[PDB]
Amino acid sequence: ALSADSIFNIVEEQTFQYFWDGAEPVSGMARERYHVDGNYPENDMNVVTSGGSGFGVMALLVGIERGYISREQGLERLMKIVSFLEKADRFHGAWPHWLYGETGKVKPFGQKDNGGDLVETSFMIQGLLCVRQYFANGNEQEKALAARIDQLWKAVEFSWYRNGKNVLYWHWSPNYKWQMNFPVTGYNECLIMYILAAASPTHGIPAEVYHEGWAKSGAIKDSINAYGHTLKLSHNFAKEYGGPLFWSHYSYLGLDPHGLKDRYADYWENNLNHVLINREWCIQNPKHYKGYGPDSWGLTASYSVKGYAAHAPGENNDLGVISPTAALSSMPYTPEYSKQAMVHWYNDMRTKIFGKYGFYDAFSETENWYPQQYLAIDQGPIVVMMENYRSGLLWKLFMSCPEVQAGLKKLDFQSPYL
């Protein structure tokens, strides 16, 4: 029976290994998935994911900082990644969701999603900007990396994805054009795309794209009340309890939500309340699933008993599946509650739910379902948020970008970093 502190470092280190020992070997990029038993129904073990690899380059910086790898080891790996990303398919400067690791060519995420994915590109840029800042004051080779990252950053054509409108579209294809037809309106996980779009010095957006598009001219404001907690953001399709918990993770890995506010919300309090509602649902456990309680909580999108599902509170959304990234990546918001789950899982369940790349993606005690499987997009925010809770690493780096601060000012945000 180990201490939280011992467990914390074991979990952080092993989770980081998804992105190191687990990386696709040619590219260095994060695999979409890793299945311990070697069985890949889609034969896609070496398909890498642009968004999750953004998480992973952050994780590499955690690795250098915690001594998991040397500074030099980290640098050479990031160099390899950036080389790959310089030759990979880009679609008005945005990477696709999926790439073949060995070649850097697109794998369509469904037939018509065969071009750019601006949302996944934004998670890659959040992470690559942290790397730019980390190296900006090092040696000749570190600065040339920082510059090549700056170049990739500046070539993302955020404005292209407006398609002439006051909003950003998620996708664009060479041949299918705008047929995916997903204009990105809030609230969902995608805030960082609009912030980066405003920040871009070469291909930015005017403020109306954010206010009329993301914010729906104010219709993003809501009042979702559960367990005595209020969300003031209109969580898309989740007006009872808020969405899957990762919405309070992905856009907040670099962007620091502490003290972040604008006319639509106080992001700290809304992110926190999102977590506390999620946890409370698991404590009340209305569907009477096995294992739900204060030592085992957190619903988010992940592998599921019948495949993959966007788990969340509500009788229609909670499938008896707990996914560790929900509670663990919530460490900066709810450290003691996130540690409570982490400790129970490690001390009492590790032989079922803990593996070489940290805790597995999802489990159901109701169904005795304990797949030895992992997803980049679930492991990455665990490593990153655990380190943010510890030291602020990625927040410090990201928030230091002059362009991030300008973009936040342009969109009428408040934050101490400004």
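Residue positions are given as counts along the sequence shown, with the first one as 1.
Averaged over Cα atoms, the B-factor as recorded in the entry is higher for 37-45 than for the other of 37-45 and 376-384.
Checked against the record, the higher mean CA B factor of 239-247 and 103-111 lies with 103-111.
Based on the entry's C-alpha B-factors, the most elevated value among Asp318, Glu269, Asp117, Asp150 belongs to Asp150. As recorded in the PDB entry, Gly291 shows the highest C-alpha B-factor of the residues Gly291, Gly298, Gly314, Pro96. Compared with the other modelled residues of the chain, the Cα B-factor recorded for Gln179 ranks in the middle third.
In this PDB entry, the Cα temperature factor of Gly28 sits in the middle third of its chain's modelled residues. Annotation for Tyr389: C-alpha temperature factor in the middle third relative to the rest of the modelled chain, per the entry.
In the deposited entry, the Cα temperature factor of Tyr169 places it in the lowest third of its chain's modelled residues.
Among all modelled residues in its chain, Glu189 ranks in the lowest third by Cα B-factor.
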